[PDB]
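A single chain, nothing else alongside it, follows as structure tokens in the form deposited in one PDB entry.
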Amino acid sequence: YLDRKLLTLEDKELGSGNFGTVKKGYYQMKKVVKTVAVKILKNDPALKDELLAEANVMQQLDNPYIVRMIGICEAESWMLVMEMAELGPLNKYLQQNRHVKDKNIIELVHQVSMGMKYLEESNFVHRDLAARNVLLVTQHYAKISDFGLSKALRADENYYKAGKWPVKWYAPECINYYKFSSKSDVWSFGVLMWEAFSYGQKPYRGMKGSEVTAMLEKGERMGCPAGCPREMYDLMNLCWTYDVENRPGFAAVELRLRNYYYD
């Protein structure tokens, strides 16, 4: 829990969602002043639980490619205070910056894969991995964010059995059997890659969720984005392996990206 006196907020608003608004601020750590992003709950038991589940999860996470939580501050409102990733969501950035080179995109997605390999080792599932939920520190440093749908897996289980339903990022076992695992997160990571190489274009455009599900069961997949290296498109296809058993884990995904990047 944070000291409201040690927090200064801008008057400007960075963004707003169902939960409320987001403001940029500063929090005085012992000596240094650290720039922060803050979710400020508008005015709702669900939203408080949402903020609470995300905080509960972040508190246990510690990795260079995952957004770091500073803490919670109870004052004029409930506040979730994170270290600021200044450049914001990966999709919106690439949408405004098409000069980004393929090798730069590969670097950022490898970084995500490294954060997810950590998440997988830590036995947490993200359940909302998408380009909108990756934040940029700099043009060469990505962090995974938005852990509101995330779950710590029980010590005796490999998956979580299941609100917000981003079906275009969901593996078939999620849609058909409500089972969410690190391998489901791998499926989503494939969609994320596609997004990144499509410079933030939405996947499966013009299609309803049921239509995407039909497409995938037919064995059809999204095509290679313009200028996307083939090796990276091949990795998207591996991530979209239908049968979860045979879908690769994040260790193999991260390895594959590393070798392509450093070679």
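So that there is no doubt, residue numbering starts at 1 and follows the sequence shown.
What comes next is about the form deposited with a partner chain bound, which is not displayed.
Note to self: Between 103, 161, 164, 98, only one gets a heavy atom within 4.5 angstroms of its partner chain in the bound PDB entry; which residue is that?
What the structure shows: None of the other options qualify; the answer is 164.
Can you pick the one in 133, 150, 181, 111 that has a heavy atom within 4.5 Å of its partner chain in the bound PDB entry? None of the other options qualify; the answer is 133.
Spell out, yes or no, whether the shortest heavy atom distance between residue 189 and its partner chain in the bound PDB entry is within 4.5 Å. Heavy-atom contact with its partner chain at 4.5 Å: absent for residue 189.
Indicate whether its partner chain has at least one heavy atom within 4.5 Å of a heavy atom of residue 64 in the bound PDB entry. Although its partner chain is absent here, residue 64 would stay clear of it in the bound PDB entry, with no heavy atoms inside 4.5 Å.
Using a 4.5 angstroms cut-off on non-hydrogen atoms, would residue 121 count as touching its partner chain in the bound PDB entry? Looking in the bound PDB entry, residue contacts with its partner chain do not include residue 121, since no heavy atom lies within 4.5 Å.
Heavy atom to heavy atom, is residue 173 within 4.5 Å of its partner chain in the bound PDB entry? Residue-level check for residue 173: no, no contact with its partner chain.
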